[PDB]
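Okay, here we've got a single chain as structure tokens, the form deposited in one PDB entry, with questions on binding and movement later.
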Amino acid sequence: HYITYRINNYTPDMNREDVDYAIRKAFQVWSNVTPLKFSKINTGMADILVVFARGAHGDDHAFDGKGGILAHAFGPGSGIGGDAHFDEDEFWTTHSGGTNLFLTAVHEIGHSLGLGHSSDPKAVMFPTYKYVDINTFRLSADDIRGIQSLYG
């Protein structure tokens, strides 16, 4: 099978350069341990979507503001399957600031691939908001094998 991604979201209080690499790296930190492939399409979204919205987007799944669900992407599949949801009213920040655009992008992208919602406590896959140094920003814990093997 073939895989494809497409990003198109830019929130305030954060340079477009941070978000660009934030998500762009999310595909690497994940693909680092996955049989999947790589296909950066310039035009033509695919099973994997990425868009930021504020609460109820007319016909979407509203979440909340700063504090609640900063971003939660449902499992993969058709259409919605593999869609990213980033709270607009939220407060995005660098790898140091609270809402880690990088780490978050990896957590949301994971749920829209084949991740549960916990795996391990130390792992960065846990359902929580934490900021880690981009220098060491990378997959860890046993989860690293739960993505490459994909069993349960």
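Note that residue numbering begins at 1 and tracks the sequence as displayed.
The same protein also has a form solved in complex with a small molecule, omitted here; what follows describes it.
Any non-hydrogen atom of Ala26 within 4.5 angstroms of the small molecule in the entry with it bound: Judged by the heavy-atom cut-off of 4.5 Å, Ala26 is well away from the small molecule in the entry with it bound.
In the entry with it bound, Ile48 touching the small molecule (heavy atom, 4.5 Å): Taking the distances in the entry with it bound, the answer for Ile48 is no, it never comes within 4.5 Å of the small molecule.
So, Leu36 and the small molecule: in the entry with it bound, are they within 4.5 Å at any heavy atom pair? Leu36: no contact with the small molecule in the entry with it bound.
Please tell me whether any heavy atom belonging to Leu103 falls inside 4.5 Å of a heavy atom of the small molecule, as the geometry stands in the entry with it bound. Yes - in the entry with it bound, heavy atoms of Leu103 and the small molecule come within 4.5 Å of each other.
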